[PDB]
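Before any comments, here is the structure.
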């Protein structure tokens, strides 16, 4: 039974710079998830540090851990929308409106110091021209080959943060819940 | 609940020219269905006049509305076959035989003045080299991104009309039953 | 089935200026809700970016998101009353008493940093002379035509904020829950 | 009812050359399955000798029929693993270890004279970059267009044979269980 | 399970010339059905485009599709009788009486513009001297070898059309419902 | 749930040299099982190619695959006993008696060409002085740390082969059924 369900994680910093504009503006950005970040390159005869041929990403969880104190003023309200098709709102430093507010997948992120997370099933980008994705069915989900450096992108999450007179720091943990298949482990002698 | 089921329509003329040949011949043609025809380009910040990110075409209905009088002579018999894979019989003005008669998906169209329609589930052309399509399962149907001008073709319907000593005019209404997902509407101020 | 229930949103800033008066005073203001803010003007043959003829606003939700830190002193207590008839207490910078406290529809808003929201059914202003409105019955609610720039006002919400020795900033999100009828979408060729 | 389930077959020789090395080594090779081998090109107006538009390969059975006598010495033990993603162990004449032994899909082939077969569902190679394949669900399996010479590869089976001081001959029968759809047969007159 | 039930079709024109005689006359003709018309000759190693050894024709359906307008005058009444034994009324341009009217198998065809069809089980001509045929029993029906050009005749249908002062054109579609046995497909290499 | 049950394998050659002695003699040898053979050293930040901290070996299966032809004469009878405590009969080229025949754990191996296997639970050597081992209880089995090169020995299997006038070649596959705990995988950036 090759099937092995594990959990993989990483963390990166993301900063919303302090702006001098008064009228409300939002900073727009995007998150793509590629497993090359999560699995280190292996060594020896085994190419990847995880000895399986196939994977498929079952659920992705994106935590927003703020670095800001609860005593920081000039609070604001952002929005986090799930983006399945790799069609993102263009990145912007200050945008007069919150573009993701009317997406059906939007959750609100209070700012700066509030904790926010989204938990959903991501989709791989199979053809950038067509941009098609599967419904969520755990049985029918496509299996993907695990490749050394060439792994495909999974497109999850757009975010729009309202600007502030202060810096807004988050520590974004991304935890993928992956399912691996086909134990491939190689064992040359000596 | 982003899911919104609507109905979209268009009409175009198609004419079978009068031929001088006596022995029975058939004129062969094809119908591809692209949603760029059905959805006008929007304006403002919203790109498409329908504020959704994703669609998938659930059913396509092709009506043949004849322009011919019921008193027109030299009647004939054609055939309408459903073509899933984008493999069509080459277009022809007069062809000695009816190429679609033995397709399992054939319905007969009596001519000139009889009303004919086909109602089926079309398939998008994902890779022109491989030409693969899904079975009909409403749950597992791929979602497609709605694009401004770049939307992919859905390949439905081949038709072979028997030639006549008279002109044969039809008004072909194409009504797609579409399902849209992810309300994306943008609202910049002022 | 033309009926389509969606959710539309916007955000604007509102500031209560710091005052030098000591004895308690309240600043009085009002909120009218017009859908022209929520729906951008469309483009092409379709006039509005939402392809429906008729709407009626089912529920309006007004969130008050404070920008103030939880460490800000000189707290106070305001009041938020629902105003159906477009009869508002006149706008005031400092008013010796809280005029909305005895309204039957009042909820309290703690200040500055507390989160406050009101969720209710608004009413359109049909005749400014008579000022009459319907009871809340989802079945008998009048349908309204969706107009480009001419849409009628819906009158919701009066608010009275107690003044403070400090500035009081809120980010007011207004989310209308609307029901649209009659898909009108136009599709000219080419 | 276009659906027609048939069985198609072919046979080719494969030889493991006798080696002079003593320490155990394995010879590594691979099997791809393309239907162009199984269906001869038709003639006349019908392009393929099987009058259907669409196929999908339900099961592939690979028999290993040895040519070796039961009295041949220097026996050994190989391994046969199912390879879904078109990621194969590189072909090798002598490899110090058996690379497929730890694959979850491995079955053992005793050698030289023992009969071995594997029976499984193969997968087409849709995109060589991404290398993704469906789960086994008979209902949701993609339909493929049957093409004259251009048919896509189905990637089944890796094999690693232990080397011997003698030649090892097998007759490999490959029997695909295919399901065809859409009777397309053409019948021009005369 | 070699048994495969398909449907095969063809169309040919048949014309009843306009006659100057006034008193009622009937034009008498016959229809024999040979599968050489329905199956094109294959190519390559496979002789017939349908890869089966044996067939037996289960049902034959003969449609009469008129080319005449519904406004054409001088209507008349013909007769269509099923002829099992290959004993036909001799072909005639004008015959004073309708010879098929008293056959027990007669159906009436109204003329010119009425649609007429007969659906029955045909019989092969085994010996022209004896002219014997089987009862209709689906289990006991003789199997016939499918031959390239030499296939035997199946004798269905006599028809007698009343003459008219105008031309009477029909498009006669013949759809055989056949059952094939023994998949014989050949696959030479390369 | 860190627990992951996998299967690991290796193969090595073992040869019983042909002897000139006539009276029956047995060649005595032993098999120790160390996981350093089964798991290759990893690369990068992860030390072992299997990303788990702890293992315990649940069952070991030792297959004897003969290289000898079924036509080889001078057959004999050996014995395979399970040795838990790392107390082995001293290795011998020819020993007048079969020392393992009276062990309670003995199974017979017919020779040369017969297939023989033993399947049991091995024990690690914790203290070479005391030589103590646990009963077989799947719940109470000690967990062992997985170490790069330092892993402890598991002591399974003694074997005594009767000598022959011919060479006796076996290919010994050793398949450990292991249970791993505590996913430790490391993922440094870039």
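Chains as they are written, first to last, in the deposited numbering: chain A, 42 to 231; chain B, 42 to 231; chain C, 42 to 231; chain D, 42 to 231; chain E, 42 to 231; chain F, 42 to 231.
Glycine is no exception: its CB is placed at the ideal position from the N, C-alpha and C atoms.
Which residues, taken in chain order from the stretch 148 to 169 of chain D, show a beta carbon closer than 8 Å to some beta carbon of chain A?
168
Unbroken beta strand (DSSP E) runs of length 3 or more, entirely within the stretch 77 to 161 of chain F: which are they?
93 to 107, 118 to 123, 133 to 136, 148 to 151 and 157 to 161, all fully within the stretch 77 to 161 of chain F.
Is the beta carbon of residue 161(A) within less than 8 Å of some heavy atom of the ligand SAH?
Absent from the structure shown: the ligand SAH. Ligands present: none.
Using the three-state DSSP reduction, which class does residue 46(F) fall into: helix, strand or coil?
Your numbering for residue 46(F) matches position 5 in the sixth chain. Residue 46(F): strand per DSSP, three-state reduction.
For a cutoff of 9 Å on Cβ pairs, would you count residue 173(A) as touching chain B?
Locating residue 173(A) in the first chain gives position 132, counting from the first residue. Closer than 9 Å: yes.
Please confirm whether residue 67(B) has its beta-carbon closer than 9 Å to some beta-carbon of chain A.
Working through the second chain from its first residue, we reach residue 67(B) at position 26. False, the Cβ-Cβ gap to chain A never drops below 9 Å.
Does the beta carbon of residue 146(A) come closer than 9 Å to any beta carbon on chain B?
Counting from 1 along the first chain, the entry for residue 146(A) is found at position 105. Taking Cβ atoms only, chain B reaches closer than 9 Å to residue 146(A), which makes this a yes.
Compile a chain-ordered list of the residues in the stretch 182 to 195 of chain A whose CB is closer than 8 Å to at least one CB of chain D.
For the stretch 182 to 195 of chain A, which is checked against every Cβ of chain D, the residues closer than 8 Å are 182, 183, 184, 185, 186, 188, 191 and 193.
So residue 223(A) contacts chain D; which residues on that side make the cut at Cβ distance below 7 Å?
For this step, residue 223(A) is matched to residue 182 along the first chain. By Cβ distance, chain D contributes 144, 145 and 146.
Taking 9 Å as the CB-CB limit, is residue 138(A) close to chain B?
On the first chain, position 97 is the one that residue 138(A) refers to. Output row for residue 138(A): interface = yes.
Quick check: what's the CA-CA separation for residue 189(D) versus residue 104(A)?
Within the fourth chain, the letter at position 148 stands for residue 189(D). Within the first chain, the letter at position 63 stands for residue 104(A). Rounded to the nearest angstrom, the gap between the Cα atoms of residue 189(D) and residue 104(A) is 52 Å.
So, does the CB of residue 228(B) fall closer than 9 Å to a CB anywhere in chain A?
Working through the second chain from its first residue, we reach residue 228(B) at position 187. Chain A, which has a Cβ nearer than 9 Å to the Cβ of residue 228(B), makes this yes.
Considering only DSSP beta bridges, list what residue 203(B) is partnered with.
On the second chain, residue 203(B) is found 162 positions in, with the first residue counted as 1. According to DSSP, which records beta bridges pairwise, residue 203(B) is partnered with 67(B).
Which of helix, strand or coil does DSSP assign to residue 228(A)?
Stepping through the first chain from its first residue, residue 228(A) is reached at position 187. Three-state result, residue 228(A): coil.
If you follow the beta strand (DSSP E) that residue 184(A) is in, where does it begin and where does it stop?
Position 143 of the first chain, counted from the start, is the residue given in the question as residue 184(A). Counting along the chain, the beta strand (DSSP E) containing residue 184(A) begins and ends at 184 to 186.
DSSP three-state label for residue 173(E), please.
Position 132 of the fifth chain holds residue 173(E). Reduced to three states, the DSSP call for residue 173(E) is coil.
From 53(B), 229(B), 47(B) and 50(B), pick the residue whose C-alpha is nearest to that of residue 143(A); which is it?
Here the question's residue 143(A) lines up with position 102 in the first chain. Minimum Cα distance to residue 143(A) is reached at 229(B).
Less than 9 Å between the beta carbons of residue 199(D) and residue 134(D), yes or no?
As a position in the fourth chain, residue 199(D) is number 158, starting the count at 1. As a position in the fourth chain, residue 134(D) is number 93, starting the count at 1. For residue 199(D) and residue 134(D), no; Cβs fall outside 9 Å.
Are the CB atoms of residue 57(E) and residue 225(E) within a distance shorter than 9 Å?
Locating residue 225(E) in the fifth chain gives position 184, where the first residue counts as 1. Locating residue 57(E) in the fifth chain gives position 16, where the first residue counts as 1. No, Cβ-Cβ distance for residue 225(E) and residue 57(E) is not below 9 Å.
Taking the alpha-carbon positions, what's the residue 115(D) to residue 202(D) distance?
Counted from its first residue, the fourth chain places residue 115(D) at position 74. Counted from its first residue, the fourth chain places residue 202(D) at position 161. For residue 115(D) and residue 202(D), the distance between alpha carbons rounds to 13 Å.
Below 9 Å between beta carbons: does that hold for residue 179(B) and residue 99(B)?
In the second chain, residue 179(B) corresponds to position 138, counting from 1. In the second chain, residue 99(B) corresponds to position 58, counting from 1. For residue 179(B) and residue 99(B), yes; Cβs fall inside 9 Å.
If residue 215(B) sits next to residue 130(B), beta carbons under 8 Å apart, how far is it from one beta carbon to the other, in whole angstroms?
Indexing the second chain from 1 puts residue 215(B) at position 174. Indexing the second chain from 1 puts residue 130(B) at position 89. That pair is no contact at about 20 Å.
Quick one: grab the DSSP three-state call for residue 51(F).
Within the sixth chain, the letter at position 10 stands for residue 51(F). Collapsing the DSSP output to three states places residue 51(F) in a strand.
Helix, strand or coil for residue 212(C)? Go by DSSP, reduced to three states.
In the third chain, residue 212(C) corresponds to position 171, counting from 1. Reduced to three states, the DSSP call for residue 212(C) is strand.
What does the alpha-carbon distance come out to for the pair residue 53(B) and residue 168(E)?
Residue mapping note: residue 53(B) aligns to position 12 of the second chain, counting from 1. Residue mapping note: residue 168(E) aligns to position 127 of the fifth chain, counting from 1. Rounded to the nearest angstrom, the two C-alpha atoms are 57 Å apart.
For residue 165(F), which three-state DSSP category applies?
Sequence index remark: in the sixth chain, residue 165(F) carries index 124 (1-based). Strand, per DSSP.
Which residues in chain A sit within 7 Å of residue 104(B), going by Cβ to Cβ distance?
Position 63 of the second chain, counting from 1, holds the residue named residue 104(B). Near residue 104(B) there are no residues of chain A at all, since even the closest Cβ is about 28 Å away, more than 7 Å.
Taking the alpha-carbon positions, what's the residue 183(F) to residue 77(F) distance?
Position 142 of the sixth chain, counted from the start, is the residue given in the question as residue 183(F). Position 36 of the sixth chain, counted from the start, is the residue given in the question as residue 77(F). Near 18 Å, if we compare the C-alpha coordinates of residue 77(F) and residue 183(F).
Which partner residues does residue 222(C) have in the DSSP bridge list?
The residue labelled residue 222(C) in the question sits at position 181 within the third chain. 95(C).
Under a three-way DSSP split, which group does residue 75(E) fall into?
Counted from its first residue, the fifth chain places residue 75(E) at position 34. Three-state result, residue 75(E): strand.
Smallest Cα separation from residue 125(B): which of 161(B), 79(B), 80(B) and 193(B)?
On the second chain, residue 125(B) is found 84 positions in, with the first residue counted as 1. When each option's Cα is compared against that of residue 125(B), the closest is 161(B).
At 8 Å on the CB atoms, spell out the chain D contacts of residue 82(E), in chain order.
Here residue 82(E) refers to the residue found at position 41 when the fifth chain is read from its first residue. Under the 8 Å cutoff, chain D gives 84 and 85.
Would you mind stating whether residue 181(A) and residue 177(B) have Cβ atoms separated by less than 9 Å?
Reading the first chain from its first residue, position 140 is the one you call residue 181(A). Reading the second chain from its first residue, position 136 is the one you call residue 177(B). Not a contact, by the Cβ cut-off of 9 Å.
For residue 87(A) and residue 90(F), I'd like the C-alpha separation in whole angstroms.
Reading the first chain from its first residue, position 46 is the one you call residue 87(A). Reading the sixth chain from its first residue, position 49 is the one you call residue 90(F). Using only the alpha carbons, I get a separation of about 7 Å.
Mind reading off the beta-carbon distance from residue 44(A) to residue 222(A)? Whole number of angstroms is fine, and I expect it under 8 Å.
As a working note, residue 44(A) is residue 3 in the first chain. As a working note, residue 222(A) is residue 181 in the first chain. About 6 Å separates the beta carbons of residue 44(A) and residue 222(A), which is inside the 8 Å limit, making them a contact pair.
Round the Cβ separation of residue 207(F) and residue 113(F) to the nearest angstrom and send it over; I've been treating them as touching at under 8 Å.
Here residue 207(F) refers to the residue found at position 166 of the sixth chain. Here residue 113(F) refers to the residue found at position 72 of the sixth chain. Sure, about 6 Å apart at Cβ, within 8 Å.
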